[PDB]
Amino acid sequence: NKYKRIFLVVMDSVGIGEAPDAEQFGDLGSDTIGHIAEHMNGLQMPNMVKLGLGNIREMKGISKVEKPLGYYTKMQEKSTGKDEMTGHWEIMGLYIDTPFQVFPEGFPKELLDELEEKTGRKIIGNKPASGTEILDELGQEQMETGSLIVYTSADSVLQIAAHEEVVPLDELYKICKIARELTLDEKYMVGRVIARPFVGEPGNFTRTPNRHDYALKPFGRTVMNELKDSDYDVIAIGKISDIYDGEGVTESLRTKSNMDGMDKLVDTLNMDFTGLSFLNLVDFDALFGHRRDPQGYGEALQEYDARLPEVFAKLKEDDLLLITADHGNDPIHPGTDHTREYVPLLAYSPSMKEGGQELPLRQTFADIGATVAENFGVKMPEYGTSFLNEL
């Protein structure tokens, strides 16, 4: 192998400006890093700058450097959709024609009618809401009636809440499996069904850790599958295992925050492994992008950047660091959905004694998968062109 270890970091939703096909999505004018930089009167990201972030694109507080530590470019999404699954699945070598849908006005009556028909239960709610909000509003009615609270987030999810003392957990799980079956339909294609059991009394409801998820497997065997099948380590950090439904994962490390994510990345740097360490930093998307909070997003990016020098110090000559994103989620954009954007790509190894250069623009996210596959000598993905030789 050229590199013994590849550390892949997805800064979730950290887009670098509208893609050529942004108009189709209602995403004209969308710039995630750029609008955040303007809100902050200049972003403080000196370590990303040293890597060459400004060399990809100059933004307020983010300037180009004469000698970037590593190679740099941006990537264009080839798949139809801009959702959580699509971006990650493409990164690992796939092409996804069928997008996962979001439901800002709730689910179609046709879907909910069939769920009622199959379960013999009434459905209430049917709106985007946080767990706390929907239980405060509907928890009591749910307890008294034995109905199901169905709700969604700003991402492609269908969540079903029921009180543990009113609907047995095993019955809730059975209902979620039915919902999972009904939502494998492009009429209303849902990424994830989530059981949301709760306990307590009116005015004091709490969700329990008895949450179960019902996810879809990637539409194809991924580069992670190939690595695992060839006895390489595939260490998933954060939501990565969930996103791929465990496919090709050899170890999964749960994280509770972006800072915790970086701690787990550092943990993997300290591990003797051969293969891929794959981190998703989700706070950018989950806390700040969807909530249209440019201040919080900017603070999070600055907190993330400050962690990087320790990562640089720990990288070995035969380690490669790859930093990218999955889509955009511009915190100063209408609505609550993602934005169709280019994503940055930074590729750094301490063995790059002369620093890096500009790479040709990556025409699909699958170029990452192709590079990883070529490095470890496993079956190449159907899509994607490796840039390993350029490094």
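Start at 1 with the first residue shown and count on from there.
Relative to one another, 377-385 and 363-371 have unequal mean CA B-factors, and 377-385 is the one with the higher figure.
Taking the mean C-alpha B-factor of each stretch as recorded, 205-213 and 312-320 are not equal, and the higher mean is that of 205-213.
Highest C-alpha temperature factor among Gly246, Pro108, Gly81, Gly93, as the PDB entry reports it: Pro108.
Across the residues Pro344, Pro331, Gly34, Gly26, the deposited record lists the maximum Cα B factor for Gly26. In this PDB entry, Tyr72 carries a Cα temperature factor that places it within the middle third of its chain's modelled residues. When the modelled residues of the chain are ordered by their C-alpha B factor, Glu358 lands in the highest third.
Remark: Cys176 belongs to the middle third of its chain, ranked by C-alpha B-factor as recorded. Sort the modelled residues of the chain by CA B factor and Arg307 lands in the lowest third. For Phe288, the recorded CA temperature factor ranks within the lowest third of the chain's modelled residues.
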